[PDB]
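Novice: One file: coords34.pdb (PDB, C-alpha atoms).
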```pdb
MODEL        1
ATOM      1  CA  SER A   1      -5.003  -6.116   7.296  1.00  0.00           C
ATOM      2  CA  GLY A   2      -3.296  -7.240  10.505  1.00  0.00           C
ATOM      3  CA  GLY A   3      -2.320  -3.778  11.662  1.00  0.00           C
ATOM      4  CA  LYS A   4      -0.772  -3.305   8.232  1.00  0.00           C
ATOM      5  CA  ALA A   5      -1.384   0.206   6.884  1.00  0.00           C
ATOM      6  CA  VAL A   6       0.166   3.169   5.004  1.00  0.00           C
ATOM      7  CA  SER A   7       0.443   6.935   5.396  1.00  0.00           C
ATOM      8  CA  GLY A   8      -2.384   9.006   3.993  1.00  0.00           C
ATOM      9  CA  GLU A   9       0.037  10.593   1.549  1.00  0.00           C
ATOM     10  CA  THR A  10       0.565   7.288  -0.179  1.00  0.00           C
ATOM     11  CA  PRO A  11      -0.357   7.354  -3.867  1.00  0.00           C
ATOM     12  CA  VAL A  12      -2.443   4.490  -5.086  1.00  0.00           C
ATOM     13  CA  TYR A  13      -2.771   3.798  -8.806  1.00  0.00           C
ATOM     14  CA  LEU A  14      -6.267   3.537 -10.284  1.00  0.00           C
ATOM     15  CA  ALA A  15      -6.870   1.712 -13.541  1.00  0.00           C
ATOM     16  CA  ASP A  16      -8.300   4.845 -15.143  1.00  0.00           C
ATOM     17  CA  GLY A  17      -4.714   6.202 -15.256  1.00  0.00           C
ATOM     18  CA  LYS A  18      -5.297   8.488 -12.298  1.00  0.00           C
ATOM     19  CA  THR A  19      -3.100   8.770  -9.265  1.00  0.00           C
ATOM     20  CA  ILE A  20      -4.610   9.610  -5.918  1.00  0.00           C
ATOM     21  CA  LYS A  21      -3.372   9.899  -2.349  1.00  0.00           C
ATOM     22  CA  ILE A  22      -5.056   7.263  -0.185  1.00  0.00           C
ATOM     23  CA  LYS A  23      -6.296   9.837   2.341  1.00  0.00           C
ATOM     24  CA  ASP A  24      -8.075  11.771  -0.424  1.00  0.00           C
ATOM     25  CA  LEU A  25      -9.604   8.635  -1.902  1.00  0.00           C
ATOM     26  CA  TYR A  26     -10.801   7.617   1.544  1.00  0.00           C
ATOM     27  CA  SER A  27     -12.256  11.016   2.291  1.00  0.00           C
ATOM     28  CA  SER A  28     -14.164  11.152  -0.964  1.00  0.00           C
ATOM     29  CA  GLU A  29     -15.574   7.637  -0.680  1.00  0.00           C
ATOM     30  CA  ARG A  30     -16.547   8.348   2.901  1.00  0.00           C
ATOM     31  CA  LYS A  31     -19.102  10.959   1.779  1.00  0.00           C
ATOM     32  CA  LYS A  32     -20.839   8.866  -0.878  1.00  0.00           C
ATOM     33  CA  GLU A  33     -24.528   7.953  -0.072  1.00  0.00           C
ATOM     34  CA  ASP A  34     -23.858   4.730  -2.022  1.00  0.00           C
ATOM     35  CA  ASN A  35     -21.389   3.468   0.606  1.00  0.00           C
ATOM     36  CA  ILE A  36     -21.521   2.058   4.087  1.00  0.00           C
ATOM     37  CA  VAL A  37     -19.271   3.479   6.792  1.00  0.00           C
ATOM     38  CA  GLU A  38     -18.595   1.513   9.892  1.00  0.00           C
ATOM     39  CA  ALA A  39     -16.677   3.008  12.786  1.00  0.00           C
ATOM     40  CA  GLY A  40     -15.451   1.612  16.076  1.00  0.00           C
ATOM     41  CA  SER A  41     -12.565   2.139  18.511  1.00  0.00           C
ATOM     42  CA  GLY A  42     -10.344   4.461  16.444  1.00  0.00           C
ATOM     43  CA  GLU A  43     -10.800   2.244  13.398  1.00  0.00           C
ATOM     44  CA  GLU A  44     -13.131   2.884  10.507  1.00  0.00           C
ATOM     45  CA  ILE A  45     -14.169   1.042   7.363  1.00  0.00           C
ATOM     46  CA  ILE A  46     -15.897   2.020   4.168  1.00  0.00           C
ATOM     47  CA  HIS A  47     -17.632  -0.593   2.157  1.00  0.00           C
ATOM     48  CA  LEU A  48     -17.727   0.515  -1.462  1.00  0.00           C
ATOM     49  CA  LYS A  49     -20.900   0.117  -3.523  1.00  0.00           C
ATOM     50  CA  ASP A  50     -18.687   0.405  -6.681  1.00  0.00           C
ATOM     51  CA  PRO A  51     -15.356  -1.349  -6.177  1.00  0.00           C
ATOM     52  CA  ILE A  52     -12.342   0.849  -6.689  1.00  0.00           C
ATOM     53  CA  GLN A  53     -10.370  -0.398  -9.639  1.00  0.00           C
ATOM     54  CA  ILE A  54      -6.675  -0.547  -8.842  1.00  0.00           C
ATOM     55  CA  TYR A  55      -3.489  -2.254  -9.948  1.00  0.00           C
ATOM     56  CA  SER A  56      -2.216  -5.383  -8.245  1.00  0.00           C
ATOM     57  CA  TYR A  57       0.925  -7.287  -8.996  1.00  0.00           C
ATOM     58  CA  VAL A  58       1.007 -10.975  -9.734  1.00  0.00           C
ATOM     59  CA  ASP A  59       4.045 -13.016 -10.626  1.00  0.00           C
ATOM     60  CA  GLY A  60       5.715 -10.639 -13.063  1.00  0.00           C
ATOM     61  CA  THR A  61       2.573  -9.053 -14.281  1.00  0.00           C
ATOM     62  CA  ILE A  62       0.502  -6.066 -13.320  1.00  0.00           C
ATOM     63  CA  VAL A  63      -3.140  -7.084 -13.115  1.00  0.00           C
ATOM     64  CA  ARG A  64      -6.334  -5.176 -12.467  1.00  0.00           C
ATOM     65  CA  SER A  65      -8.016  -5.611  -9.111  1.00  0.00           C
ATOM     66  CA  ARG A  66     -11.297  -4.440  -7.614  1.00  0.00           C
ATOM     67  CA  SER A  67     -11.097  -3.084  -4.058  1.00  0.00           C
ATOM     68  CA  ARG A  68     -14.297  -3.126  -1.972  1.00  0.00           C
ATOM     69  CA  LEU A  69     -13.182  -1.985   1.492  1.00  0.00           C
ATOM     70  CA  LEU A  70     -11.145   0.991   2.626  1.00  0.00           C
ATOM     71  CA  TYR A  71      -9.747   1.346   6.114  1.00  0.00           C
ATOM     72  CA  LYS A  72      -8.611   4.290   8.200  1.00  0.00           C
ATOM     73  CA  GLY A  73      -6.966   3.892  11.575  1.00  0.00           C
ATOM     74  CA  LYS A  74      -4.253   5.234  13.862  1.00  0.00           C
ATOM     75  CA  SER A  75      -0.628   4.340  14.302  1.00  0.00           C
ATOM     76  CA  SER A  76       1.930   5.705  16.742  1.00  0.00           C
ATOM     77  CA  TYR A  77       4.659   4.669  14.396  1.00  0.00           C
ATOM     78  CA  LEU A  78       5.563   5.029  10.761  1.00  0.00           C
ATOM     79  CA  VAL A  79       8.514   3.519   8.865  1.00  0.00           C
ATOM     80  CA  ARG A  80       9.615   5.759   5.998  1.00  0.00           C
ATOM     81  CA  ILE A  81      11.551   3.992   3.294  1.00  0.00           C
ATOM     82  CA  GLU A  82      13.592   5.484   0.512  1.00  0.00           C
ATOM     83  CA  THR A  83      15.389   3.614  -2.273  1.00  0.00           C
ATOM     84  CA  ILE A  84      18.404   4.521  -4.341  1.00  0.00           C
ATOM     85  CA  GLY A  85      16.069   4.734  -7.297  1.00  0.00           C
ATOM     86  CA  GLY A  86      14.047   7.505  -5.643  1.00  0.00           C
ATOM     87  CA  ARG A  87      11.144   5.360  -4.523  1.00  0.00           C
ATOM     88  CA  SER A  88       9.395   5.941  -1.204  1.00  0.00           C
ATOM     89  CA  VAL A  89       6.567   4.864   1.047  1.00  0.00           C
ATOM     90  CA  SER A  90       5.800   5.436   4.740  1.00  0.00           C
ATOM     91  CA  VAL A  91       4.111   2.461   6.334  1.00  0.00           C
ATOM     92  CA  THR A  92       3.130   0.863   9.564  1.00  0.00           C
ATOM     93  CA  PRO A  93       5.930  -1.236  11.199  1.00  0.00           C
ATOM     94  CA  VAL A  94       4.025  -4.529  10.662  1.00  0.00           C
ATOM     95  CA  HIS A  95       3.416  -3.804   6.956  1.00  0.00           C
ATOM     96  CA  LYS A  96       5.384  -6.065   4.594  1.00  0.00           C
ATOM     97  CA  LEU A  97       7.624  -5.488   1.614  1.00  0.00           C
ATOM     98  CA  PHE A  98       9.088  -8.075  -0.735  1.00  0.00           C
ATOM     99  CA  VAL A  99      12.849  -8.603  -0.698  1.00  0.00           C
ATOM    100  CA  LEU A 100      15.058 -10.262  -3.253  1.00  0.00           C
ATOM    101  CA  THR A 101      17.526 -12.449  -1.329  1.00  0.00           C
ATOM    102  CA  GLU A 102      20.181 -14.953  -2.493  1.00  0.00           C
ATOM    103  CA  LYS A 103      17.599 -17.654  -1.762  1.00  0.00           C
ATOM    104  CA  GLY A 104      14.838 -15.828  -3.596  1.00  0.00           C
ATOM    105  CA  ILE A 105      12.073 -13.475  -2.615  1.00  0.00           C
ATOM    106  CA  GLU A 106      10.707 -13.112   0.888  1.00  0.00           C
ATOM    107  CA  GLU A 107       8.150 -11.011   2.708  1.00  0.00           C
ATOM    108  CA  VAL A 108       9.665  -8.757   5.342  1.00  0.00           C
ATOM    109  CA  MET A 109       8.163  -6.411   7.901  1.00  0.00           C
ATOM    110  CA  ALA A 110       9.014  -2.788   7.594  1.00  0.00           C
ATOM    111  CA  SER A 111      10.441  -3.104  11.106  1.00  0.00           C
ATOM    112  CA  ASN A 112      12.864  -5.839   9.932  1.00  0.00           C
ATOM    113  CA  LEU A 113      13.898  -4.203   6.716  1.00  0.00           C
ATOM    114  CA  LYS A 114      17.599  -3.224   6.589  1.00  0.00           C
ATOM    115  CA  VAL A 115      19.268  -0.563   4.504  1.00  0.00           C
ATOM    116  CA  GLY A 116      20.855  -2.371   1.608  1.00  0.00           C
ATOM    117  CA  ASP A 117      17.788  -4.586   1.103  1.00  0.00           C
ATOM    118  CA  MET A 118      16.356  -4.809  -2.443  1.00  0.00           C
ATOM    119  CA  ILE A 119      12.639  -4.222  -2.422  1.00  0.00           C
ATOM    120  CA  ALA A 120      10.091  -5.063  -5.077  1.00  0.00           C
ATOM    121  CA  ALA A 121       8.893  -2.221  -7.272  1.00  0.00           C
ATOM    122  CA  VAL A 122       7.153  -2.112 -10.637  1.00  0.00           C
ATOM    123  CA  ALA A 123       8.689  -0.418 -13.705  1.00  0.00           C
ATOM    124  CA  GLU A 124       6.611   2.275 -15.489  1.00  0.00           C
ATOM    125  CA  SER A 125       7.731   1.087 -18.921  1.00  0.00           C
ATOM    126  CA  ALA A 126       6.368  -2.496 -19.088  1.00  0.00           C
ATOM    127  CA  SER A 127       5.703  -3.310 -15.443  1.00  0.00           C
ATOM    128  CA  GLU A 128       8.984  -5.222 -15.234  1.00  0.00           C
ATOM    129  CA  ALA A 129       9.854  -6.588 -11.799  1.00  0.00           C
ATOM    130  CA  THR A 130      12.464  -4.290 -10.406  1.00  0.00           C
ATOM    131  CA  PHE A 131      14.289  -4.563  -7.082  1.00  0.00           C
ATOM    132  CA  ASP A 132      15.584  -1.373  -5.645  1.00  0.00           C
ATOM    133  CA  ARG A 133      18.129  -1.094  -2.830  1.00  0.00           C
ATOM    134  CA  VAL A 134      16.819   0.756   0.177  1.00  0.00           C
ATOM    135  CA  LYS A 135      18.995   3.799   0.789  1.00  0.00           C
ATOM    136  CA  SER A 136      17.347   4.817   4.022  1.00  0.00           C
ATOM    137  CA  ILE A 137      14.786   3.829   6.636  1.00  0.00           C
ATOM    138  CA  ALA A 138      13.362   6.265   9.172  1.00  0.00           C
ATOM    139  CA  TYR A 139      11.425   5.454  12.328  1.00  0.00           C
ATOM    140  CA  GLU A 140       9.046   8.139  13.556  1.00  0.00           C
ATOM    141  CA  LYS A 141       6.787   8.341  16.596  1.00  0.00           C
ATOM    142  CA  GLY A 142       3.676  10.551  16.273  1.00  0.00           C
ATOM    143  CA  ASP A 143      -0.136  10.466  15.992  1.00  0.00           C
ATOM    144  CA  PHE A 144      -0.617   9.231  12.485  1.00  0.00           C
ATOM    145  CA  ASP A 145      -3.688   8.588  10.470  1.00  0.00           C
ATOM    146  CA  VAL A 146      -3.103   5.383   8.543  1.00  0.00           C
ATOM    147  CA  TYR A 147      -5.007   3.768   5.680  1.00  0.00           C
ATOM    148  CA  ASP A 148      -5.374   0.417   3.930  1.00  0.00           C
ATOM    149  CA  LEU A 149      -7.472  -0.977   1.134  1.00  0.00           C
ATOM    150  CA  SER A 150      -8.276  -4.569   0.235  1.00  0.00           C
ATOM    151  CA  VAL A 151      -6.976  -6.151  -2.961  1.00  0.00           C
ATOM    152  CA  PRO A 152      -8.882  -9.379  -3.035  1.00  0.00           C
ATOM    153  CA  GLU A 153      -7.512 -11.832  -5.662  1.00  0.00           C
ATOM    154  CA  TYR A 154      -4.734 -14.329  -6.345  1.00  0.00           C
ATOM    155  CA  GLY A 155      -1.595 -12.190  -6.082  1.00  0.00           C
ATOM    156  CA  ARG A 156      -2.435 -10.256  -2.933  1.00  0.00           C
ATOM    157  CA  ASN A 157      -0.203  -7.275  -3.549  1.00  0.00           C
ATOM    158  CA  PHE A 158      -0.787  -3.618  -3.772  1.00  0.00           C
ATOM    159  CA  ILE A 159       1.017  -1.022  -5.899  1.00  0.00           C
ATOM    160  CA  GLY A 160       1.497   2.251  -4.110  1.00  0.00           C
ATOM    161  CA  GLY A 161       3.928   4.883  -2.965  1.00  0.00           C
ATOM    162  CA  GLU A 162       6.286   6.972  -4.999  1.00  0.00           C
ATOM    163  CA  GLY A 163       7.670   4.660  -7.686  1.00  0.00           C
ATOM    164  CA  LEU A 164       5.175   1.807  -7.684  1.00  0.00           C
ATOM    165  CA  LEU A 165       6.353  -0.131  -4.657  1.00  0.00           C
ATOM    166  CA  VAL A 166       4.710  -3.479  -4.080  1.00  0.00           C
ATOM    167  CA  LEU A 167       3.043  -3.811  -0.714  1.00  0.00           C
ATOM    168  CA  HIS A 168       1.956  -7.043   0.910  1.00  0.00           C
ATOM    169  CA  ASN A 169      -1.167  -5.872   2.723  1.00  0.00           C
ATOM    170  CA  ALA A 170      -2.785  -9.324   2.410  1.00  0.00           C
TER     171      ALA A 170
ENDMDL
END
```
Could the structure of this file be written out as structure tokens, please?

Specialist:
Amino acid sequence: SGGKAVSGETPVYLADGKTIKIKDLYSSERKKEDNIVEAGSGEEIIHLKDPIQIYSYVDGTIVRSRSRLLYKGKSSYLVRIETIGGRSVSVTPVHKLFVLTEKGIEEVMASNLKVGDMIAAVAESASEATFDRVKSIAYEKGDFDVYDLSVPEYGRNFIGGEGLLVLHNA
């Protein structure tokens, strides 16, 4: 969305059980005659004839979601996050995670995340809300390809990364 994006290595979780890196998904969809590709000023969008069926996260419940746009852009910066529980995602600094605080759950920018923070993840077992302490955060300058998809419904979250992190790309 608003400059919010993830590294191309980010796994997204399709409803068919498959796992796919966002850069591979993008690349594949980009070739389809079915689809419309619109480019302009280092940004690019694919409009999907068949929506990609992914997993979103609402309240405490994993839901199915149909994604219709994919995005590929550039960032100079990536924030790489690793949790004690072995979960990871590299995202754009303006991308948001969900943090469990004493006063409840708030959205926080990758660039404001602190080590120690408990971020929202989804359990493999029964999709239980889990909050995992971030062990480490790395800032890296480079020439990165970054990617986003749209999840369009009520609970505008996005499951991706190693360990089903919940990403507020809305």

Novice: Give me the residues within 8 Å of residue A:99 as JSON, numbers by chain, counting all atoms listed in the file and dropping any in the same chain fewer than 2 places off.

Specialist: {"A": [97, 101, 105, 106, 107, 108, 117, 118, 119, 120, 131]}

Novice: Once the PyMOL selection byres ((chain A and resi 89) around 12) has been evaluated on this model, what residues remain selected, and can you format them as a PDB file with C-alpha atoms, in the coordinates of the input?

Specialist:
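Result file result_21.pdb:
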```
ATOM      1  CA  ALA A   5      -1.384   0.206   6.884  1.00  0.00           C
ATOM      2  CA  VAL A   6       0.166   3.169   5.004  1.00  0.00           C
ATOM      3  CA  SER A   7       0.443   6.935   5.396  1.00  0.00           C
ATOM      4  CA  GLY A   8      -2.384   9.006   3.993  1.00  0.00           C
ATOM      5  CA  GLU A   9       0.037  10.593   1.549  1.00  0.00           C
ATOM      6  CA  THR A  10       0.565   7.288  -0.179  1.00  0.00           C
ATOM      7  CA  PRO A  11      -0.357   7.354  -3.867  1.00  0.00           C
ATOM      8  CA  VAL A  12      -2.443   4.490  -5.086  1.00  0.00           C
ATOM      9  CA  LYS A  21      -3.372   9.899  -2.349  1.00  0.00           C
ATOM     10  CA  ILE A  22      -5.056   7.263  -0.185  1.00  0.00           C
ATOM     11  CA  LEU A  78       5.563   5.029  10.761  1.00  0.00           C
ATOM     12  CA  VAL A  79       8.514   3.519   8.865  1.00  0.00           C
ATOM     13  CA  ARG A  80       9.615   5.759   5.998  1.00  0.00           C
ATOM     14  CA  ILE A  81      11.551   3.992   3.294  1.00  0.00           C
ATOM     15  CA  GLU A  82      13.592   5.484   0.512  1.00  0.00           C
ATOM     16  CA  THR A  83      15.389   3.614  -2.273  1.00  0.00           C
ATOM     17  CA  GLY A  86      14.047   7.505  -5.643  1.00  0.00           C
ATOM     18  CA  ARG A  87      11.144   5.360  -4.523  1.00  0.00           C
ATOM     19  CA  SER A  88       9.395   5.941  -1.204  1.00  0.00           C
ATOM     20  CA  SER A  90       5.800   5.436   4.740  1.00  0.00           C
ATOM     21  CA  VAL A  91       4.111   2.461   6.334  1.00  0.00           C
ATOM     22  CA  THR A  92       3.130   0.863   9.564  1.00  0.00           C
ATOM     23  CA  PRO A  93       5.930  -1.236  11.199  1.00  0.00           C
ATOM     24  CA  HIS A  95       3.416  -3.804   6.956  1.00  0.00           C
ATOM     25  CA  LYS A  96       5.384  -6.065   4.594  1.00  0.00           C
ATOM     26  CA  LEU A  97       7.624  -5.488   1.614  1.00  0.00           C
ATOM     27  CA  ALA A 110       9.014  -2.788   7.594  1.00  0.00           C
ATOM     28  CA  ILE A 119      12.639  -4.222  -2.422  1.00  0.00           C
ATOM     29  CA  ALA A 121       8.893  -2.221  -7.272  1.00  0.00           C
ATOM     30  CA  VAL A 134      16.819   0.756   0.177  1.00  0.00           C
ATOM     31  CA  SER A 136      17.347   4.817   4.022  1.00  0.00           C
ATOM     32  CA  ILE A 137      14.786   3.829   6.636  1.00  0.00           C
ATOM     33  CA  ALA A 138      13.362   6.265   9.172  1.00  0.00           C
ATOM     34  CA  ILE A 159       1.017  -1.022  -5.899  1.00  0.00           C
ATOM     35  CA  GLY A 160       1.497   2.251  -4.110  1.00  0.00           C
ATOM     36  CA  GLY A 161       3.928   4.883  -2.965  1.00  0.00           C
ATOM     37  CA  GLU A 162       6.286   6.972  -4.999  1.00  0.00           C
ATOM     38  CA  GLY A 163       7.670   4.660  -7.686  1.00  0.00           C
ATOM     39  CA  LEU A 164       5.175   1.807  -7.684  1.00  0.00           C
ATOM     40  CA  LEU A 165       6.353  -0.131  -4.657  1.00  0.00           C
ATOM     41  CA  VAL A 166       4.710  -3.479  -4.080  1.00  0.00           C
ATOM     42  CA  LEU A 167       3.043  -3.811  -0.714  1.00  0.00           C
TER      43      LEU A 167
END
```

Novice: Return as a ChimeraX atom specification the set of residues that the PyMOL selection byres ((chain A and resi 42-44) around 12) yields on the displayed structure.

Specialist: /A:1,3,5,26-27,30,36-41,45-47,69-75,143-149

Novice: Include C-alpha atoms and write out the residues we just selected as a JSON list (two decimals), in the coordinates of the input.

Specialist:
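Writing done, so here's part-v6.json:
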```
[["chain", "number", "residue", "atom", "x", "y", "z"],
["A", 1, "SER", "CA", -5.00, -6.12, 7.30],
["A", 3, "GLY", "CA", -2.32, -3.78, 11.66],
["A", 5, "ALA", "CA", -1.38, 0.21, 6.88],
["A", 26, "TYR", "CA", -10.80, 7.62, 1.54],
["A", 27, "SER", "CA", -12.26, 11.02, 2.29],
["A", 30, "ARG", "CA", -16.55, 8.35, 2.90],
["A", 36, "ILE", "CA", -21.52, 2.06, 4.09],
["A", 37, "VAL", "CA", -19.27, 3.48, 6.79],
["A", 38, "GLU", "CA", -18.60, 1.51, 9.89],
["A", 39, "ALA", "CA", -16.68, 3.01, 12.79],
["A", 40, "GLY", "CA", -15.45, 1.61, 16.08],
["A", 41, "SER", "CA", -12.56, 2.14, 18.51],
["A", 45, "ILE", "CA", -14.17, 1.04, 7.36],
["A", 46, "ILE", "CA", -15.90, 2.02, 4.17],
["A", 47, "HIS", "CA", -17.63, -0.59, 2.16],
["A", 69, "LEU", "CA", -13.18, -1.98, 1.49],
["A", 70, "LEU", "CA", -11.14, 0.99, 2.63],
["A", 71, "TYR", "CA", -9.75, 1.35, 6.11],
["A", 72, "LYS", "CA", -8.61, 4.29, 8.20],
["A", 73, "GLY", "CA", -6.97, 3.89, 11.58],
["A", 74, "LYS", "CA", -4.25, 5.23, 13.86],
["A", 75, "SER", "CA", -0.63, 4.34, 14.30],
["A", 143, "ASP", "CA", -0.14, 10.47, 15.99],
["A", 144, "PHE", "CA", -0.62, 9.23, 12.48],
["A", 145, "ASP", "CA", -3.69, 8.59, 10.47],
["A", 146, "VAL", "CA", -3.10, 5.38, 8.54],
["A", 147, "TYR", "CA", -5.01, 3.77, 5.68],
["A", 148, "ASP", "CA", -5.37, 0.42, 3.93],
["A", 149, "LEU", "CA", -7.47, -0.98, 1.13]]
```

Novice: Find the smallest box with edges along x, y and z containing every listed atom of stretch 68-82 of chain A, then add 5 Å on each side and report centre and edge lengths in Å to one decimal, as lines of an AutoDock Vina configuration file.

Specialist:
```
center_x = -0.4
center_y = 1.3
center_z = 7.4
size_x = 37.9
size_y = 18.9
size_z = 28.7
```

Novice: List every protein, DNA or RNA residue that has at least one atom no more than 10 Å from (6.3, -8.6, -16.3) in the file's coordinates, counting only C-alpha atoms, and write the result as a PyMOL selection string.

Specialist: chain A and resi 57-62+122-123+126-130

Novice: Generate the missing atoms of stretch 42-59 of chain A up to N, CA, C and O atoms and report them as a compact mmCIF listing (two decimals), in the frame of the given file.

Specialist:
```
# COMPACT_ATOMS: atom_id res chain seq x y z
N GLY A 42 -11.41 3.89 17.26
CA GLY A 42 -10.34 4.46 16.44
C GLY A 42 -10.15 3.88 15.05
O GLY A 42 -9.40 4.42 14.25
N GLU A 43 -10.83 2.78 14.74
CA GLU A 43 -10.80 2.24 13.40
C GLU A 43 -12.08 2.56 12.66
O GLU A 43 -13.14 2.74 13.26
N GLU A 44 -11.98 2.61 11.34
CA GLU A 44 -13.13 2.88 10.51
C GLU A 44 -13.00 2.21 9.15
O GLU A 44 -11.90 2.11 8.57
N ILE A 45 -14.14 1.74 8.64
CA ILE A 45 -14.17 1.04 7.36
C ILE A 45 -15.25 1.58 6.42
O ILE A 45 -16.37 1.92 6.84
N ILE A 46 -14.90 1.68 5.14
CA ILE A 46 -15.90 2.02 4.17
C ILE A 46 -16.07 0.83 3.26
O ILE A 46 -15.10 0.28 2.72
N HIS A 47 -17.31 0.44 3.10
CA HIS A 47 -17.63 -0.59 2.16
C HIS A 47 -18.15 0.08 0.88
O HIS A 47 -19.11 0.84 0.89
N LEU A 48 -17.47 -0.19 -0.22
CA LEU A 48 -17.73 0.52 -1.46
C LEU A 48 -18.82 -0.15 -2.29
O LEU A 48 -18.68 -1.31 -2.67
N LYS A 49 -19.89 0.59 -2.57
CA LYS A 49 -20.90 0.12 -3.52
C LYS A 49 -20.28 -0.22 -4.91
O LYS A 49 -20.49 -1.31 -5.42
N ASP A 50 -19.50 0.70 -5.49
CA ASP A 50 -18.69 0.40 -6.68
C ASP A 50 -17.26 0.18 -6.27
O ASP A 50 -16.60 1.11 -5.79
N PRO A 51 -16.75 -1.03 -6.51
CA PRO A 51 -15.36 -1.35 -6.18
C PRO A 51 -14.40 -0.36 -6.84
O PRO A 51 -14.64 0.10 -7.96
N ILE A 52 -13.34 -0.03 -6.13
CA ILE A 52 -12.34 0.85 -6.69
C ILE A 52 -11.46 -0.03 -7.55
O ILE A 52 -11.05 -1.11 -7.13
N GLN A 53 -11.19 0.41 -8.76
CA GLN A 53 -10.37 -0.40 -9.64
C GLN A 53 -8.91 0.02 -9.63
O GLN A 53 -8.54 1.08 -10.16
N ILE A 54 -8.08 -0.83 -9.03
CA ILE A 54 -6.68 -0.55 -8.84
C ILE A 54 -5.78 -1.56 -9.51
O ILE A 54 -6.25 -2.52 -10.11
N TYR A 55 -4.48 -1.36 -9.36
CA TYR A 55 -3.49 -2.25 -9.95
C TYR A 55 -2.80 -3.13 -8.92
O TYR A 55 -2.20 -2.64 -7.98
N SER A 56 -2.90 -4.44 -9.11
CA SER A 56 -2.22 -5.38 -8.24
C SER A 56 -1.05 -5.95 -9.00
O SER A 56 -0.88 -5.65 -10.18
N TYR A 57 -0.26 -6.78 -8.34
CA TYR A 57 0.92 -7.29 -9.00
C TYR A 57 0.99 -8.76 -8.75
O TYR A 57 1.06 -9.19 -7.61
N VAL A 58 0.94 -9.53 -9.83
CA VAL A 58 1.01 -10.98 -9.73
C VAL A 58 2.14 -11.51 -10.58
O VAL A 58 2.29 -11.14 -11.75
N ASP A 59 2.90 -12.41 -9.97
CA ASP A 59 4.04 -13.02 -10.63
C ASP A 59 4.89 -11.88 -11.17
O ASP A 59 5.49 -11.14 -10.39
```
